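Numbered by the authors' numbering, the letters in the first sequence go through residues 13 to 66 in order.
Beta carbons: idealized from backbone N, C-alpha and C, even for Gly.
Below is one structure, written out as structure tokens; the observations come after it.
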Amino acid sequence: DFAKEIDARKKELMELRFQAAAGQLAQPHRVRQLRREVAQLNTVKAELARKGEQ
RNA sequence: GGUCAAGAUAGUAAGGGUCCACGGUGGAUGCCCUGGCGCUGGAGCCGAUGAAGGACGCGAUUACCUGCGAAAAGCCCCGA
Ligand SMILES: [Mg+2]
Ligand SMILES: [Mg+2]
Ligand SMILES: [Mg+2]
Ligand SMILES: [Mg+2]
Ligand SMILES: [Mg+2]
Ligand SMILES: [Mg+2]
Ligand SMILES: [Mg+2]
Ligand SMILES: [Mg+2]
Ligand SMILES: [Mg+2]
């Protein structure tokens, strides 16, 4: 399911990128926030790798 | 006074020269430190877990440097 959680931020980042290429990018911060949420969402995966499996 | 003769002698500067006054150019000199030099003393290896050094990228807007690496001027934990 974590891939499902990731690609939603991906698609919003894509359509938001399109909007930036056009005439409307009124909240630039929503960009890097979404990128944050991807990094976090992957970093958490790393913590379930070594945990449990040892 | 006036003609006539003889004689002497000034001022004109086209442009120049010396001096002065005033500027332009140009970056010496003084002052300054963001940069260096040396001695002393510490510390002294890095890499197949990918080194040293690079290439390409990551910004709302990014050409250069800096930082980073598709999780890309950052992500998690701890302390101040
Ligand atoms: Mg003249
Ligand atoms: Mg000059
Ligand atoms: Mg001086
Ligand atoms: Mg110095
Ligand atoms: Mg390298
Ligand atoms: Mg970028
Ligand atoms: Mg660069
Ligand atoms: Mg990846
Ligand atoms: Mg903290």
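Tell me the DSSP secondary structure of residue i in three-state form.
{"i": "residue 2", "result": "Lying before the first or after the last residue shown, residue 2 is absent from the chain, which here runs from 13 to 66."}
{"i": "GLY64", "result": "helix"}
{"i": "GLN45", "result": "helix"}
{"i": "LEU25", "result": "helix"}
{"i": "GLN31", "result": "helix"}
{"i": "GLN52", "result": "helix"}
Using C-beta distances below 7 Å, list every residue in its chain close to residue i, excluding the 5 sequence neighbours before and after it, in chain order.
{"i": "residue 10", "result": "Because the chain here runs from 13 to 66, residue 10 falls outside it and cannot be looked at."}
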